[PDB]
């Protein structure tokens, strides 16, 4: 009786923070979905500090604390995912955390750019993947937060 009970935690990585509402609508949808499953969202803007290094360190700690990262790798300011999100996925990979990714655009990079090179003759990756291959670890690239979360529930039981 009354053993410690772990509450599952997911780090919510993605450029929704740059939305005019600072991610509110995105984070609210995440909160409502996770609440049903007794899963804690670890959100980048939670208890926000004022200094860049403090913000960064708190986010890195969230990744250390999490059971998984669900990362929004949707196009940000062009065809490439957000670099902040990419940094967070790298952190998670190094820490051997479950990393689940999604995007609004699942086309191959070469389909997105329409060629094997960009407008400046720089090479576009040709590995049949939607984004930089460093961001792919073998887990299916999902179509939405919701489909990534379903994988989490099926693969990280309470």
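Positions refer to the first chain, counted from 1.
K.L.:
Quick check on the record: does 60-68 or 46-54 carry the larger mean Cα temperature factor?
P.N.:
46-54 has the higher mean C-alpha B-factor.
K.L.:
Per the record, averaged over C-alpha atoms, which has the higher B-factor: 26-34 or 124-132?
P.N.:
Result of the comparison: 26-34.
K.L.:
What third of its chain's C-alpha B-factors does residue 21 belong to: lowest, middle or highest?
P.N.:
Its C-alpha B-factor, which the entry lists for residue 21, ranks in the highest third among residues of this chain.
K.L.:
Pull the Cα B-factor of residue 115 out of the PDB entry and bin it into the chain's lowest, middle or highest third.
P.N.:
For residue 115, the deposited C-alpha B-factor lands in the highest third.
K.L.:
Classify residue 40 as lowest, middle or highest third according to the C-alpha B-factor given in the PDB entry, relative to its own chain.
P.N.:
Answer is highest: the recorded C-alpha B-factor places it there.
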